[PDB]
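Enquirer:
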Ligand SMILES: O[C@@H]1[C@@H](O)[C@H](O[C@@H]2CO[C@H](O)[C@H](O)[C@H]2O)OC[C@H]1O
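Numbering (PDB author numbering), first residue to last: 27 to 426.
1) For residue 194, which residues of its own chain have a beta-carbon under 7 Å away from its beta-carbon, when the five flanking residues on both sides are left out?
2) Using the Cα positions of residue 259 and residue 165, report the straight-line distance between them to the nearest angstrom.
3) Any heavy atom of ligand 1 within a distance shorter than 8 Å of the CB on residue 251?
4) Just to confirm before moving on: does the CB-CB distance between residue 222 and residue 414 stay below 9 Å?
5) Less than 8 Å separating the Cβ of residue 210 from some heavy atom of ligand 1?
6) Look up residue 289 in the DSSP assignment and say whether it is helix, strand or coil.
7) Let me know the secondary structure DSSP gives residue 350 once reduced to three states.
8) Under the DSSP definition of a beta bridge, which residues are partnered with residue 64?
9) Provide the residue(s) that pair with residue 432 in DSSP beta bridges, ordered along the chain.
10) Could you tell me if the beta carbon of residue 312 falls within a distance shorter than 8 Å of some heavy atom in ligand 1?
11) Opposite residue 28 in the DSSP bridges: which residues?
12) Taking C-alpha atoms, which residue in 364, 315 and 317 lies nearest to residue 274?
13) Quick one: which unbroken alpha helix (DSSP H) runs of 4-plus residues sit fully inside the segment 215 to 287? Chain order, please.
14) When burial is assigned at 16 or more other CB atoms within 10 Å of the CB, is residue 155 buried or exposed?
15) Have a look at residue 308 and residue 371 and give me their C-alpha separation to the nearest angstrom.
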């Protein structure tokens, strides 16, 4: 018997119940393979993984956002090429999802889900404030809704400022809307002014404008994502900019374990910015998966091809958790919120991975730092963009 060790960041009890049913079914069909799930919370996982991956504690499989850290881990010899064990994965999973975890023709992981960041909002609170949530198409209209919420005594936005990345969603989306795909593509290539260019300075200017309305809950810089999602679930703030995984999370984090029920819940895309080059259909989000650590056993690919199969992924869509990557598993997207989100993802010409993950731990950490820094007044919009560009130039210099 051999044990496949899979490190993950999942907290939801319904999801874990489904994962356990899949693992039980797999172990019954493969009596010589055991599956050990190893949980670490999101922030702890990102902080601890570098040490664990470079040690003899490394697992076979670990949760991954792809992006810059995945690229560097591959070039550092920290991952295992499973191309020779990928025949079934390539049959059953989306080609774009498989490509997200392939480097230099080597299959270093497999996709698990795709996501969109957007504004979850409370229709009950919006009605109290006299806001039609479906009518918010532009950034100016969004700011007007913020002012209407404040006038009604309702905290407009819950944000997990302590974790920083929830605030970076604002800066990133504003940069996407201001500059469009080409401004970002050019910055990635270090062309022109790069991340110090006008679209990124405008992103900071618009984030500072939002911050000047004081739209966040008191003490937001001390709140992590769990606390912020709980505020939304408890009807204590009207708006939550978050990935689509928030749907189940705000319910679990609510005192009543239900949160904002479907009859009170809305979701809207990030609005357009007047004069901006970005399209309202452009999406910020991710393609997340499981990477193979160096030394991963062949049984780990056997597990992943079952865990990621059409039936398994259909179950996880049907419990409202993931937008799946397995072919045909979109049949499980029965929930109206998740169905519409999956359509936005499918239709997007530009589906951009989270800036903090695309740019790697160092430069992405700078983006996270300047996002809260602009809001708190510690850096100006120009200085923020300058810091991102300077850090990015050094990352380019020091990597292949
Ligand atoms: O760096 C952050 C990631 O930490 C964040 O990951 C999310 C966190 O919320 C849930 O735990 C979800 O399962 C994770 O994938 O994703 C956005 C990125 O900017």
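For every residue, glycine included, the Cβ atom is placed at its ideal position computed from N, Cα and C.
Expert: Reading from the atomic positions:
1) 381, 382, 393, 394 and 397
2) 24 Å
3) yes
4) yes
5) no
6) helix
7) strand
8) 33
9) The chain is shown from 27 up to 426; residue 432 falls before or after that span and cannot be answered.
10) yes
11) 59
12) 364
13) 224 to 238, 251 to 259 and 272 to 279
14) buried
15) 9 Å
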